[PDB]
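Numbering (the entry's author numbering), first residue to last: -5 to 0, 313 to 388.
Here a beta-carbon is modelled for each residue, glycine too, at the ideal position from N, C-alpha and C.
Just below is one structure, and these are the notes that go with it.
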Amino acid sequence: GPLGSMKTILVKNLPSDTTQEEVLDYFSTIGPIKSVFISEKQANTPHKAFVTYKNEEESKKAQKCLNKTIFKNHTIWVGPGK
Ligand code: NA
């Protein structure tokens, strides 16, 4: 680990102030999450995160349910992280 080929999603277009806990809380509504890494980037530029679910099926559900939803004013893009 900590990532998994089908268990990890990549989330794009997060606001720069997003915290790991905020990501955890939002994404864990789909299923339990094992880890969250947020990419280190300049403030006021879009951020990315890798979110790894405990179960592959829940990763797929997050892609379906949470892609192009609004998170802190941003439309987030959710897909396989591979
Ligand atoms: Na980075």
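Taking each of -5, 336, 323 and 314 in turn and checking the Cα distance to residue 378, the smallest one comes out for 323. Closer than 7 Å to some heavy atom of the ligand NA: that does not describe the Cβ of residue 340.
For residue 320, no alpha helix (DSSP H) segment is defined; the enclosing uninterrupted segment is the beta strand (DSSP E) at 314 to 320. Not one heavy atom of the ligand NA sits closer than 7 Å to the Cβ of residue 378. When C-alpha distances from residue 320 are compared across -1, 349 and 369, the shortest belongs to 349.
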